[PDB]
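Since the structure comes first, as structure tokens, the remarks are kept for the end.
Values quoted throughout were computed directly from the atomic coordinates according to the rules given, and no laboratory measurement underlies them. Cβ: placed from backbone, ideal geometry, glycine included. Neighbour counts: every protein chain shown.
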Amino acid sequence: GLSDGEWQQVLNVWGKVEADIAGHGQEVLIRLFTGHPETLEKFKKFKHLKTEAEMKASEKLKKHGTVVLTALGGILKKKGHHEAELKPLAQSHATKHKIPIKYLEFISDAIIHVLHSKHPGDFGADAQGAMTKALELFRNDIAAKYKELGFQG
């Protein structure tokens, strides 16, 4: 799994995120939607937003960015023992939203991009590799539950 020093670097940069969760949530979703527009079709509340400018202006989008990063934060803080927190997210994303594992990779990359852009001093090479393995672990564990849930992500 991750070493203790790898989780520390994950939680250090997550502290930066938590100092402005709304701004981070908003930039992550914009990067996702602009880089991979097919992801935006999953969002009945948003899919009409056609441009970055419209997305920045969207209060609903910003609130959803908060929801998404808040959940991922709870998961990352559980380090290697996140089964409990992961369970309900796999559930809704396998039944209600149907989010393919590929879309979770896209948002993992969007998070790494935003973290590198906004916090380079807390997101150097080692920290970026640690967050990479942490998001891989998140995806692999979701994918395992998807299969139980009967969703081929």
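Numbers at a glance
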| quantity | calculated |
| --- | --- |
| Pair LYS45, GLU18: separation of 7 Å Cα→Cβ label points (nm) | 2.3 nm |
| Stretch gain in nm, segment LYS133-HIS113, where the contour uses 0.36 nm per residue and the Cα spacing is subtracted | 5.7 nm |
| Span per principal axis, largest first, for the Cα atoms of the chain (Å) | 43, 39, 20 |
| Kyte-Doolittle mean at least 0.5, axial Cα span of 24 Å or more - DSSP H helices of the chain | 101-118 |
| Gyration tensor (alpha-carbon) shape descriptor, region 1-48, a/c threshold 1.5 | prolate |
